[PDB]
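Here's the letter readout for the chains.
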Amino acid sequence: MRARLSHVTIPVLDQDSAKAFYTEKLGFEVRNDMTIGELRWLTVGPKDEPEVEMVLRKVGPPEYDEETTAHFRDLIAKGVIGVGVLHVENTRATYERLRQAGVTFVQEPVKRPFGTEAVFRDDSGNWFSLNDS
Amino acid sequence: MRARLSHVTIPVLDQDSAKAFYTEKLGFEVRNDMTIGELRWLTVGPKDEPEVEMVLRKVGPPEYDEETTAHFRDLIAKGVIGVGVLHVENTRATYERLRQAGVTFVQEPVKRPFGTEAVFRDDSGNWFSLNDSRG
């Protein structure tokens, strides 16, 4: 297998809130937003990093059933999903701009082994790390 | 924002099991395996994509409390977590090799507007799409 990861799924509570969060506050660009059938294909990514898209996926019908949407939303809002790590050239500077936009932080920037690290949440409660190596 | 996604988290039920799956069935390489306090930080990734790592994160104590652990493990076993999309040159060929390696596919390969897509599950029950660019 010669594979690459083109898309990462982010489970969201509400696709309009998440589109606004990801574009307005984080400063990602819209890659797709089209509704095919009963489903909105909404994807975003960082400026000039075209080859990974983040899929903003609704946690609710039809894709998810009653008992699963309930339990899964509840976990999302608790911050159980850590989506991954975003590498940036400067964690402290990126932190200041995100703060200014009203992003909340799980962890403020902190010195670590080989760079500065912070942890923010998205509109749904999902976590991302910021690291600058 | 100027950022690159360097790591993606995959929640797993058992890290040894996940390691074996990701390396022995998908052929990813181990990128890190070490312990940071109580937690095992275990990462894997495609041999040709050295700049992204998939973090195989134990759903269990101490990161997650017992109620959370129970609710989360249940939803993972049900296939609630779609990790993302792995792009390959030919989904049908890759489908055949993975099926022969013992990988479960909940969807066989299907032609789509972008190309051909299949869907498999990992050893925890998480799902991935396998996509190519073939009309």
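As deposited, the entry is annotated with X-ray crystallography as its determination method and 1.80 Å as its resolution.

Participant: How should the sheet that holds strand β1 (residues 4-12) of chain B be read in this particular structure?
Facilitator: Strand pairs in the sheet, formed through backbone hydrogen bonds, run parallel or antiparallel to each other. Spatial ordering of the open sheet is given by β6(A)-β7(A)-β8(A)-β5(A)-β1(B)-β4(B)-β3(B)-β2(B), a layout of eight strands whose pairing is mixed. Single-partner strands in this sheet number two, and they are β6 (105-112) of chain A together with β2 (29-36) of chain B. For this sheet, the mean inter-axis angle between neighbouring strands, taken without regard to orientation, is 20°. Here β6 of chain A pairs with strand β7 (residues 115-121) of chain A via five bridges, running antiparallel. Its bridge partner being in β7 of chain A, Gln 107 of chain A is matched across the sheet by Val 119 of chain A. Seen against the sheet, helix α3 (residues 91-100) of chain A touches β6, β7 and β8 (127-131) of chain A and runs at an angle of roughly 160° to β6 of chain A.

Participant: I would appreciate a short explanation of the interface of chain A and chain B in the present structure.
Facilitator: How large an interface is tends to be reported as the accessible area lost when its parts come together. Contacts between the two partners involve 37 residues from chain A, matched on the other side by 35 residues from chain B. Buried area between chain A and chain B, summed over both chains or domains, comes out near 3400 Å², and the portion from carbon and sulfur atoms is 62%. Sorting the residues of chain A by area buried against chain B places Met 1, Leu 5 and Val 85 of chain A first, and these three jointly supply 22% of that buried surface. Salt-bridge contacts for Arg 2 of chain B lead to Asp 48 of chain A; the nearest nitrogen and oxygen are separated by 3.4 Å. One can count 16 residue pairs in polar contact joining chain A with chain B. Across the side of chain A that touches chain B, the residue classes break down as 19 nonpolar, ten polar and eight charged. For strand β5 (residues 82-87) of chain A and β1 of chain B, the ladder comprises four bridges, and the chain directions are antiparallel. Following the sheet pairing, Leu 86 of chain A is matched in β1 of chain B by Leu 5 of chain B.

Participant: When you look at empty space enclosed by the protein in this model, what are you seeing that I'm missing?
Facilitator: To find leftover empty space, a probe the size of one water molecule is rolled over the atoms. Overall, the coordinates contain one cavity of 30 Å³ or more when judged by the stated rule. Volume-wise, the largest cavity comes out at about 200 Å³. Around the largest cavity, the lining is made up of 19 residues, and of these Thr 9 and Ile 81 of chain A together with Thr 9, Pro 11 and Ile 81 of chain B lie nearest the centre. Those elements giving two or more residues to the lining of the largest cavity turn out to be β1 (4-12) and β5 of chain A together with β1 and β5 (82-87) of chain B. Counted by class, the lining of the largest cavity contains 14 nonpolar, four polar and one charged residues.

Participant: Would you mind showing me how to read the UniProt feature "domain: VOC" (unreviewed entry) in chain A here?
Facilitator: When the UniProt feature table is mapped onto this chain, "domain: VOC" (unreviewed entry) is found at residues 4-133 of chain A. Taken end to end, residues 4-133 of chain A has its terminal C-alpha atoms 23 Å apart, with 25% of it in helix and 43% in strand.

Cut-offs and rules
- Residues numbered from 1 in each chain as written, not as in the entry; some residues may be left out.
- Chains lettered and ligands numbered in written order.
- Heavy atoms only, no water.
- Pairing = 2+ DSSP bridges.
- Helix = DSSP H or I, 4+ residues; strand = E, 2+ residues; numbered from the N terminus.
- Axes fitted to C-alpha atoms, helices over the stretch in contact; angles between N-to-C directions.
- Contact = heavy atoms within 4.5 Å.
- Buried area = accessible area lost by both parts, 1.4 Å probe.
- Salt bridge = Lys/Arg side-chain N within 4 Å of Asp/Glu carboxyl O.
- Polar contact = N/O pair within 3.5 Å; in protein donor to acceptor, adjacent residues only side chain to side chain.
- Nonpolar A, V, L, I, M, F, W, Y, C, P; charged D, E, K, R; others polar.
- 1 Å grid on protein atoms, 1.4 Å probe; cavity = no way out; pocket = protein on both sides within 12 Å on 5 of 7 lines; lining within 4 Å.
- Points joined across faces, edges and corners; volume = space filled by probe spheres on them.
- UniProt positions renumbered as here; feature names shortened; annotations may be inferred.

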